[PDB]
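Under PDB author numbering, the very last position in the sequence shown is 29; numbers go up by exactly one each time.
Please read the structure below before turning to the comments.
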Amino acid sequence: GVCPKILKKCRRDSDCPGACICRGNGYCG
């Protein structure tokens, strides 16, 4: 897997695609 280079908002890791996790700014990384 891999996390895409997008700026996607999130509440938690379940909102984030591929291997992305939710970061402290409220976006996937």
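Virtual Cβ for every residue (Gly too), placed ideally from N, Cα, C.
{"Query": "Residues near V2 in its chain [Cβ-Cβ closer than 8 Å; skip 5 each side]", "Result": "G18, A19"}
{"Query": "For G29 and residue 30, the rounded distance between their alpha carbons", "Result": "Residue 30 cannot be examined here, being either before or after the span of the chain that is shown, 1 to 29."}
{"Query": "Rounded straight-line distance, which links the Cα of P4 to that of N25", "Result": "17 Å"}
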